[PDB]
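Enquirer: just coords:
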DNA sequence: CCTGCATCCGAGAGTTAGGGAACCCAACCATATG
DNA sequence: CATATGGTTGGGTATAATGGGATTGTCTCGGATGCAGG
Ligand SMILES: Nc1ccn([C@@H]2O[C@H](COP(=O)(O)CP(=O)(O)OP(=O)(O)O)[C@@H](O)[C@H]2O)c(=O)n1
Ligand SMILES: [Mg+2]
Ligand SMILES: [Mg+2]
Ligand SMILES: [Mg+2]
Ligand SMILES: [Mg+2]
Ligand SMILES: [Zn+2]
Ligand SMILES: [Zn+2]
C-alpha cells in the first residue's frame, strides 16, 4: 500500500521493550583479539543480527535456504546482514529517568502538567530537594505538611528522624547533669557548654568510673579502645565485668559489692525523645517506627505515646522513642513518575475549565495553556507517565558503526561512548543497590545516571557538555544528529549527493545555439557510461558489458569507434547545468550537449546573466536525467530556449548584453559634425558645391530652401538597402552617415546601419511587415530598446522565432563589436577643463566659511555641515560637467558609449575615472573634512588612498556579513510558502482587490499619478474582477490584463476617467493549500495564463529572495533601510522608531508648553491625547482632519496596531506597499503577486475571543479556514458560532505553526516541534512539497499534480478497436 | 544547582568526622553484629545472606524499596525466638547501623584519594563512586582488633577499586586486566629507555628490556592492540562542516555494478 | 606558552611522585616524567590552527 | 488584587568547492588439538 | 567427544592519610518571569 500519512507519538516502556530484540547488558563493543562483537555487548549478533549474509557466528549455518533459523550454539538468526541497520536494542534502567526533551523545553510539559516551576522541577529531578507524596500527619514548624511540598535535606531529615546534638567535653571537665535526665533548652551541661534543644542527655564515652565497695569508693580509667558495660546507677557484683577491654588482663572485674557511677564523658548527646524502661523481653526492635498506644515491652504494660522511631538500648534496658514520622517523601524521576501516574486528566480538565471563568486575564491565560497540554494528552491517548524513561532504546549498530580504516585503525561514533557511560553507570547503580549502600552514595549514583541519560539524549543542554578525555569537543548526541544545518534533515533529506554528475570550469561558447552546451568528451563518457556500455554491446566494439567495462577502464585501451558510439548515445538527450548559488529557478537549465575536446564546459553567452556567471574561474555542475519522464520534463519545461522571460517580473531575461549591445549601438549611432553648423543655402546645388569645396561637413545640419537637412541626404540617395550597403562596401559612405534610402515604399532619411539592423531582424524573423512593426528605427539600439524588441517579438511570434532572433542578434552584435575599434587608453578618460574652475571656486568659498568661523557666526556643526554640502554640490557639478563634455565634444568616447548604451558603467564610476573621487567616510561613520580631489587618471596620493581604504573595507565586511541574513530570509520564505500550488481553474469567489492609481503628495498638496513601472508591476497579468468602461473601450470581466491593456488603463487614468482597477488576487482566493488560475493570473515567464499544477509558492519565495542577495543596502565603491526593513516587514516586527497613528477620527488640537507637547484628537464622542517628545516632527496641523488608521507623525506604522484599528485589508495593502518601496528604491522589478502570496500566508490565523458552544478555548490560536468550517457546521446544526479575530504573525512564527510536523521539524526549532507533535500525536497528511521530498515521493505539483498526472494517450487504431470491443 | 561535584562535596561535608572512640565503637558494633547474625542463622537454620538482607531491609525502612512478604514472615519468625537469642538480633541491628554510619563518616577519604587519578579515561564522579565501592569492601573486611586506624586499611581497598575500574572501563575496546598491565609496563619501560637513551628506542631495545619471552614482533603486536579508536565525528577543517566519517566509504553493501554482474551471471 | 603549560604539567607529576614515593631514595630522573612536555609541543606544532 | 518593566534564557545567523600514571597470586571457563 | 594449555577473572596488600578545577572580543529577538508601582 502507498504511504499517505506519518504519525509520531510517545513511546511506552512496553512499546520500547517490544521494539528491542534483546537487552544490552555489557558496555563491551568488540573483542580485542578477534575483532568480533562480544556477547550482550553493544554489537552483539544475537541481538542485532549477523555480520555476514546468511551465516551465524560460529559457522554452523553458512548458507542461505535457512531463513529464520536461530542457531542453537550461538543464538544468531540466519538472514540478510542488512538487518543490522534496522534492529534495535534496549537497556533496563535500575531507576527511572526523565526524558530531557520534556524537562528543558520551556515551558516544561511535566512542569505544566503538575504545576511545578522550572526551578522546583530541576531541584526535584536532580536530587536537591524532596517532594511529599503522603504527609502521614507530619508537622513542620507548627504547620501541618501537605502534598506537593518541597523539603530541604535538613527539613526532611529533622522530620523523618528527629533532632539531636553532640557537644564535646574537653578532658578534665565534668558534666553538671546525670545520664538519662531531661534537659531543657538553655540548661548548661558544662561550664562552657550550653544546650539548644530539649530532651534527654546521654553520656558518650565516659573517661572514668567510680565503683564503690561495701563503704569505700575506687576509680577506674577508661581508654578510648575500651568500653563500659554496666549501666549508669546500677550495682555490680563480685566477678562481674564493668569495663570490657581488648586484652583479657586489662578487663576490670569488680572485687566486691558496690554501686557504679560514670564520670567525665567524652561527649554529650542531647536528643528529643521519650524513655521507657523494661524488665523483660521487648516487642519492637531498633529501627522500628511506632504510633501512640502501641506495644513496646512487658507484654503491653508500657505503651508508646507519640509517633517516632524505636531504639532498644540493652545496656540500660530501656526503649527510647525519638519523635519522628512515617512521611513518604521522595526525590527524583521515581517521585515525578509517581506524580504522573496518579494524575486524573478528566478532573484536572474540569478544574481548568472552571478556572477559565475568572475575571483575571493572566490567570485565564495560564489555565488555557495548561489545558492545551491536558487536552492534547487526552485526545492523543498518550499516557503522561510515558514521559519518564524506564527502558532506554538502543540504536542499531550499523548507524553507530565501529569500522576499521584501510590502515587497520578503528573509527567509532560518539553514541558508542555515550551508551558505554550509560551502561556502566546503570550497572554500578544496580551493584550499589544490591549492597545496601548508604543513601548519600545511592543519591550520587542516581544523579549521575540521570545526567548520563540527559547527555545521551541531548548533550550540551543542561550543565557542562560531556567531552572525551584529552579533548574539548562535546560528544555528538542524538539531538545534535537530528537538528542543525549539519543535521539529518537539512544535510541528508532535503538535499543529497547524486550519481551521474560532474563539474568543470566554464568557457564562453559564442558559436553555440541557445539550446546547446559544450560538454567535454571524457566527462560525457563518464556520465553516460551505462548507456555507452549498452550501445557498445549493441555494436561490435565489445562482446559483452563486462568486456566493455574493462575496455573503458584503461585509457590506452580506448579506440575511435567508442566515440562514435557515445555520439549516438547522447543524440537528442539533454543535460542539466547548475551554478551555485542557485538563487532562482533559472540557476538550473537544460541544454543539448555537443561533444568537444578539452576539459572545459562551453556556455552560451545569453544564459550567463540568468546564471549570474562569468569567465574568471567559475565552475558549473552537470547532471543527467535518466528516464523518459525526466528527459521529457527537461526537454519541455527546463530547456534554456523555452525560458526567455523572467518568472518574477515578466521582463526578458535572455537578452543582448556586453559586446552585443556595444556592436548594435555602434552600428545604429549617427555621426554629428560641426563644420557646416547650420549654414544657409538657397538651392541644394550651392550646398553640394560648398561641401565639395570643404566648407560644410557631410552630416552637418544645414538648412536649404527653408528645411533642415544635411549634404549627405541630398548627395546620396539610394534606391534600395542593397545599393546603400554596396556603397558602404566600396567606402563611399560609412554605416554611421545619414543618407536617404528607399525602403518599404518610403523615402527614409536614415543611416545604412539602421537599415542593416532592420534587415537583420527581418531575416531572423523571416517576416518583413512584423519586423518593421517591432523595431524603433530612428533611435540608437541600446539595452532598453533591445529588451522591448525581444519582448514584443516573443508576444507577436513565439519563443522559437524569438530564440532565432536572439541568436541572430548575438552573432551580428559580436561581429560588429569586433570591427568597431572599441578600446580604452589613458587619454580616453577625458578631464574637463571646467573642473579646474570648480576647484578654485571652492578653495575660495572655503576660506569664506573659515572667516565665518573666525567671527563666531558659525558653530562646529554648522561649519562641518556647510563644508560637507559645498563639497557634495561640487561633486555633483563635476559629474554633470564631465558628461556634458562627453556629449558635446567626444560623442563616441569609449567610456561614454559604454555607459550610454547600457553595456558597462554608471555615471559615478566615470566621474571617479574622469572628474574626482569625492568625500570619504571615517571608520566611525562620519565624513572627512578634506575630499579626495584626484581622479583615477591623475592618480591618488598615499593619504587619499589610505583614507578611501576605510570605505573599501567597510563595503567588503558589509557584503560578507549581510549575504547570510538575505539567505536566511529566503529560506524562511520558502518554508512558509512551499505548500501553495495552483490547484483549480476557479475558486468561485466574488471578492477582489482595488489597485490604486494615485498617491498623496509628500506635502499633502494633492494626488499625483503613480509611476508607470509601479502600476505595471501591480496590474500586469491580473484578471479583471469587474467590467471596465474606459475611453470607449470595454474590458470584460475575466479578462487577463496584457501590457497593452495596462497602458490603455494608464492613459484612461491620465484623462480622469478612472481612479482604481478591480482585480483578482491571491490575497482573496479561497482555494485550500493553494490558489486558482483566475486568482493568480499570468505565468510571468510565458506571458500566458498560468497552468494548473504550478508551484507558485516556491516561485514567489525565489523571486523575493534573489534580488536581496546582491542588490540591497554587489561591490560597493567608496566615492563621494534596505534589506533590514524588508526583514522587519516580513516578520511583523514592531518598529523601534514607531510612529503614532489616530485610532479614531476627530479634529487636531496641538497643546504646547515650554516643557512638554501633546496632540488632542477630538471626535464628536470622545477626545484622546497623545504625548510625544518636543523634538519630534508632526505631519498634522492644528484644526486638521484625520481618519481612523491615519498616522499623526513621521515614521513606520506598527502592523499589529493597524490590524487592530483598520482591519485585515488595510494591513495587506500597507505590507505590500512598504515591501515594494524598498525594492523600487534599488531599481528591482518584482510583481506584487509574490509578495501577496507571502502576505496571505502571514495573515492565515485567527484567535478565539468567545468559544460559544464549541470545544475551543478563549485565546486559542487556530487557522482561519478551520474556524470558518467549524462555524459553518455550527450554523448548520443551529448553535452559537465561535467568535474570533484575525491575527498577524511573521513568516517564522507562521511557518513553525503549520499543521505538518515534518516540514516544521525540518525547518527550525526541531526539539520543540518534535516534542509538541509527539505529545499531541500529530499526523502529517503530506500536503506540501517538503514532506514529499523528505519521504522521497512525487511532489503534488507540475507533472506530479493530480490534475494532469492521470492523463492517458492512445493512437486511433487502438481506440477504434476498443470502441468495437465496447460495442 | 549545577556542578554535581559541589553538591556531592556539600552532602559529604554535612556529616561530621569521627574521633578514635567513635571509630572503635562502630567497628566493635559491626563485628559483634556479624557474629550475632551468624548466631541467629545457626539458631534458626536459615541462610545467613537472607537474614542479613532482611535485617538490612528492615533497618533501611520502607523508604528504600526478595519481596515484602518474605521479609515480614522471616522478621516475625525472628521476633519469635526466646530470650538470650533475640539479644543477638538487637546486636545485629546495631552493627548494621554502625556499618552505615562508618561508611557515611569515612566517605571523605574516598574523595581525597580519588582526586589524584583524573585525566586517565574516567571522570571525577566515577572515580569517587568506585572509591566508595572500595570503601564498602574495606569496611566490611576491616578488623579493629589489631588496634590500627581504619584509614590505613581503607586506603588500599579504595586504590584497588579505583585501579580496577580504570582498567575495566577506560577503553572503548575492552582489554583484559593482565594485558592492560602489560601495556602499562611496556609504556613505563619505553619511557625509561627513552630518557636513558636520549631518543625514542627501537622495538628491539624494549624487547630486550622487558626480559625473556619478548621479541620485537610481540612488542609491535602489543602496541598495535593498544591503539584506541578515533571518532567518526572528528572535525576536519576550521569550518564546522566536515567530519572524519565523511571520508570513509562503505565496503559492505554490493555496488550497482556488482549487483548487475551477479544478476546477469544468474541469467 | 605551550612549553610553560607542559612544564606546569611536569611539575604536577613531580609533586605526585614526591609524595607517592620514598624521600630516602629519590633522584631527579625518577621524579620527572617528560611525556606531558613532548605531548604539549607536538600538539602545538601539529594541531594549532 | 491588577498592571507595566526591566531581566533571563534560549535559538538563529546563504550556497558550492576542498580539506584529514601498581603489583601479585590463585582458581576457572574457552578454545585447541587428537 | 576428551582433555591440556594459556588466557581470563576474582581477591588481596594493615603507620597515617579526610571538601576539586576552570572561568573572558557578537547581535538581535521573542517569550517567561520576578519585582515595582498603583
Ligand atoms: N561569498 C560569496 C562570494 C561570491 N559569491 C558568488 O560569486 C559571484 C562573484 O561575483 P564577483 O564578486 O566577481 C561580481 P559579479 O557578480 O561578477 O559582478 P559585476 O560584473 O557587476 O562586477 C557573486 O556574484 C555570487 O554569485 C557567493 O555566492 N558568495
Ligand atoms: Mg562578473
Ligand atoms: Mg566569477
Ligand atoms: Mg546622389
Ligand atoms: Mg562544505
Ligand atoms: Zn552458529
Ligand atoms: Zn481564487
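Expert: Sure, I can see it. Residues are numbered from 1 along each chain as shown, chains lettered A, B, ... in the order given. Ligands and ions are numbered 1, 2, ... in the order given.

Enquirer: where do the strands sit along the stretch 101-250 of chain B?
Expert: Per DSSP state E, counting those that start in this stretch, the stretch 101-250 of chain B carries strands over the ranges B:230-231, B:235-236, B:242-243.

Enquirer: counting neighbours, what do you get for the closest residue to residue B:235 other than its chain neighbours?
Expert: In this structure, residue B:235 finds its nearest non-sequential neighbour in residue B:243, 6.5 Å apart by C-beta to C-beta, 6 or more residues apart in numbering or on different chains. C-beta coordinates here come from the backbone N, C-alpha and C atoms, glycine included. For residue B:243, the neighbour count with other C-beta atoms under 10 Å in any protein chain shown is 17.

Enquirer: contacts only, for the most centrally placed residue in chain C.
Expert: Nearest residue to the geometric centre of chain C (C-alpha atoms, centre = their mean): residue C:10, 1.9 Å. With contacts defined as C-beta atoms under 8 Å, 6 or more residues apart in numbering or on different chains, residue C:10 is in contact with C:32, C:33, C:34, C:36, C:37.

Enquirer: can you show me the helices along chain C?
Expert: Here chain C has its helices, by DSSP state H, at C:2-20, C:28-31, C:35-47.

Enquirer: could you dump the ones you listed into JSON lines with distance to residue A:265 added?
Expert: Listed next are the helices of chain C as JSON lines, based on distance: least, C-beta to C-beta, whole Å:
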{"stretch": "helix C:2-20", "distance to residue A:265": "39"}
{"stretch": "helix C:28-31", "distance to residue A:265": "49"}
{"stretch": "helix C:35-47", "distance to residue A:265": "54"}
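
Enquirer: quick one: closest of those to ligand 1.
Expert: Nearest to ligand 1 among these is helix C:35-47; the distance by C-beta to the nearest ligand atom comes to 28.0 Å.

Enquirer: just to revisit the earlier point, tell me which of the strands of the stretch 101-250 of chain B is the most buried.
Expert: strand B:230-231 (a mean of 18; mean count of other C-beta atoms under 10 Å in any protein chain shown).

Enquirer: elements contacting the longest helix along chain A?
Expert: Scanning chain A for the helix with the most residues, using DSSP H, yields helix A:942-977. Secondary-structure packing of helix A:942-977 (3 or more C-beta pairs under 8 Å, 6 or more residues apart in numbering or on different chains; DSSP states H and E): helix A:1096-1110, helix A:1123-1130, helix A:1232-1242, helix A:1291-1296.

Enquirer: next, see if the shortest one gets close to DNA strand E.
Expert: Translated: helix A:1291-1296. Yes: using C-beta under 7 Å from any atom of the strand, we find that helix A:1291-1296 touches DNA strand E at residue A:1293.

Enquirer: quick one: residues in contact with the very next helix or strand once past that helix.
Expert: With elements assigned by DSSP states H and E, the helix or strand that comes after helix A:1291-1296 is helix A:1301-1307. Applying C-beta under 8 Å, 6+ apart, the contact partners of helix A:1301-1307 are A:6, A:8, A:489-490, A:493-494, A:975, A:978-979, A:1295-1298, A:1313-1314, A:1316-1317, A:1322, A:1324, A:1326, A:1328, A:1330-1331, A:1334.

Enquirer: and the next helix or strand after helix A:1301-1307, which residues are buried?
Expert: Toward the C-terminal end, the helix or strand that comes next after helix A:1301-1307 (DSSP H and E) is helix A:1310-1320. Buried residues in helix A:1310-1320, counting neighbours by 16 or more other C-beta atoms under 10 Å in any protein chain shown, are found at A:1310, A:1311, A:1313, A:1314, A:1315, A:1316, A:1317, A:1318, A:1319, A:1320.

Enquirer: circling back: now tabulate the helices of chain C in JSON lines and tack on distance to ligand 1.
Expert: Formatted as JSON lines, the helices of chain C follow (distance: least, C-beta to the nearest ligand atom, whole Å):
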{"stretch": "helix C:2-20", "distance to ligand 1": "34"}
{"stretch": "helix C:28-31", "distance to ligand 1": "55"}
{"stretch": "helix C:35-47", "distance to ligand 1": "28"}
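
Enquirer: out of these, which is closest to ligand 7?
Expert: Smallest distance to ligand 7 across the helices of chain C (C-beta to the ion): 61.7 Å, for helix C:35-47.

Enquirer: what about that closest one and chain B, any contact?
Expert: Yes: residues of helix C:35-47 contacting chain B under C-beta under 8 Å from any C-beta of the partner chain: residue C:35.

Enquirer: one more: stretch A:333-349?
Expert: No: Stretch A:333-349 stays clear of chain B (C-beta under 8 Å from any C-beta), getting no nearer than 8.9 Å.

Enquirer: quick one: residues in contact with that stretch.
Expert: A:95-98, A:110, A:113-114, A:121, A:124-125, A:130-131, A:133, A:148, A:330, A:371, A:374-375, A:377-378, A:384-385, A:387-389, A:450.

Enquirer: circling back: including mean neighbour count, could the helices and strands packed on helix A:942-977 go into CSV?
Expert: Below are the helices and strands packed on helix A:942-977 laid out as CSV (neighbours: other C-beta atoms under 10 Å in any protein chain shown):
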stretch, mean neighbour count
helix A:1096-1110, 23
helix A:1123-1130, 20
helix A:1232-1242, 25
helix A:1291-1296, 21
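
Enquirer: just give me the neighbour total for residue A:488.
Expert: 15.

Enquirer: could you count how many residues lie near the closest residue in space to it that isn't next to it in sequence?
Expert: Here the nearest residue to residue A:488 in space, its sequence neighbours aside, is residue A:482; by C-beta to C-beta, 6+ apart that works out to 5.6 Å. Residue A:482 has 16 neighbours, counted by other C-beta under 10 Å.

Enquirer: quick one, what contacts whatever residue of chain A ends up closest to DNA strand E?
Expert: The nearest approach of chain A to DNA strand E comes at residue A:1133, 4.3 Å away (C-beta to the nearest atom of the strand). Going by C-beta under 8 Å, 6+ apart, residue A:1133 touches A:1127, A:1290.

Enquirer: what's the helix or strand for residue A:276?
Expert: Per DSSP H and E: residue A:276 is located in strand A:273-277.

Enquirer: can you list contacts of the helix or strand just after that strand?
Expert: Remark: after strand A:273-277, the chain's next helix or strand is strand A:288-290, criterion DSSP H and E. Residues from elsewhere that reach strand A:288-290 (C-beta under 8 Å, 6+ apart): A:284, A:296, A:304, A:307, A:308, A:309, A:310, A:321, A:324, A:326, B:58, B:61.

Enquirer: for the first one, which non-adjacent residue is spatially closest?
Expert: It refers to residue A:284. Closest to residue A:284 by C-beta to C-beta, 6+ apart is residue A:310, at 4.8 Å.

Enquirer: burial of that neighbour, as a residue count?
Expert: The tally of other residues near residue A:310 (other C-beta under 10 Å) stands at 24.

Enquirer: hang on, it in a strand?
Expert: Yes: assigned with DSSP: H, G, I helix; E, B strand; the rest coil, residue A:310 falls within a strand.
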